[PDB]
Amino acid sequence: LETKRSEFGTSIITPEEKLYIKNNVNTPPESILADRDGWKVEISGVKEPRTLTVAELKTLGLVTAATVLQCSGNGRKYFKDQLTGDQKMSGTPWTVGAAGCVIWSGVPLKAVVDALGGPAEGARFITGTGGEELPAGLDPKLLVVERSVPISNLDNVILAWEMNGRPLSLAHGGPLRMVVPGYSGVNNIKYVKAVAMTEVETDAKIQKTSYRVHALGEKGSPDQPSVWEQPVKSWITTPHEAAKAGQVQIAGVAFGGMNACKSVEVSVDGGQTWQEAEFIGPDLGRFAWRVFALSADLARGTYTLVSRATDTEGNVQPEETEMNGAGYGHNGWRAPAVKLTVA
């Protein structure tokens, strides 16, 4: 399920009912939400390992933060567009609609691990396991949705039970989700049933070989970069198609992943000339996105609207993103251009 450009709005926050849905496996039954507070999470790799219920988690702390939830596959269509000859690429051909900015609320993982005496000596990763039932007999490593991120993320990770002021839906990973701000969608583990502080990455297929950045025709392997930190990115959201001659408000969303978006330039002529856009609305912090807008006075014609964001570390979107075989992490400014017909 992919969001259309008109549906992002300009309120920063993406409506929960329009937020994209992506699952690697079939979803659990909705009955896991019957008793949200009774959902159990096994916490290990800490000094005092224990299973805690969501009711217990709710006693330990409270944190609220906005992040950009974006599939590593967002923009895959734009990689497929660059294929030539016999070159092939499988996977969902997302354009820009596998992304939203949402507000999570829950308990800091740091508060949970501290209540259990802190991480075990030598821990280097946070490893979260999805709560889906695995089919009996088969090697669960082949199907389990289990991801590892560096333990440097500990102070930012949230075990969230709420999003945009509502209890977390099944579609978005209720009753509890491991949120890793600034990291690609796959790392944000839905219906999280275990969190382990580990010395090594999980060897689950979804970590070891899937979700790796490699050349076309190469297999994924664990020496290659995983889809972890999200790169600087933006796109135009409005007007998504049309306007009338004269003043037009051009707007979109921009983010720096782990870093704040510092500035955004907008072009109406496919990147031949650029102008600085203004940020619109409140700043929800470095892991969220900003709305930006440029006022332009346009004659009747067909414009090519593009946006180019820079983060606080000086990372800037390229015109086109280097190819990788599975089509992860697109952040180019040319491919997501909006054709604006001005009447």
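The first residue of the shown sequence is 1; numbering continues from there.
Between the stretches 170-178 and 217-225, it is 217-225 that shows the larger average CA temperature factor. As listed in the deposited structure, the average C-alpha B-factor of 25-33 and of 311-319 is greater for 25-33. Highest C-alpha temperature factor among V186, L116, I126, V232 per the entry: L116. Of the candidates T198, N164, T237, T84, the one whose C-alpha carries the top B factor in the deposited record is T84. In this PDB entry, the Cα temperature factor of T51 sits in the top third of its chain's modelled residues, the highest group. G130: CA B factor lies in the lowest third for its chain, per the PDB record.
In the deposited entry, the Cα temperature factor of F287 sits in the bottom third of values across the chain's modelled residues.
Ranked against the other modelled residues of its chain, the C-alpha B-factor of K110 as given in the entry falls in the highest third. Split the chain's modelled residues into thirds by C-alpha temperature factor. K190 is in the lowest one.
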